[PDB]
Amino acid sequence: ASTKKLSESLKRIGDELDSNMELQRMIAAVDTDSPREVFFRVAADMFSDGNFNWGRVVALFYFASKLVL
């Protein structure tokens, strides 16, 4: 427990997002014609179990960022 430990945990997590080549490839393999359709399709499957927890929403926000930027 400390501010150092928290920063390293977040640093580790963020670095896991960007360096996960499998995720990056799946994200690139989706589409680039019409992001709106891709977003709602991915969102529907992510939440088909009904669980709308904050971690998943942030994952979806990361995905949308890569789609529009």
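Start at 1 with the first residue shown and count on from there. Between two forms, the rigid core is the largest collection of C-alphas that superpose within 1.5 Å.
Superposing each structure in 4 other deposited structures of this protein on the rigid core shows that the farther-lying of 15-23 and 42-50, by root-mean-square Cα distance, is 15-23. Superposition on the core shows that, in 4 other deposited structures of this protein, the C-alpha atoms drift more in one of 59-67 and 1-9; this is 1-9.
Residue 33, present in the displayed chain, carries coordinates in each of the other PDB entries compared that cover both sides of it, far from a third leaving it out. The mean Cα B-factor in the deposited entry runs higher for 22-30 than for the other of 22-30 and 35-43. When 50-58 is weighed against 9-17, 9-17 comes out higher, by mean CA B-factor as recorded in the entry. The deposited CA B-factor of residue 64 belongs to the lowest third of values across its chain.
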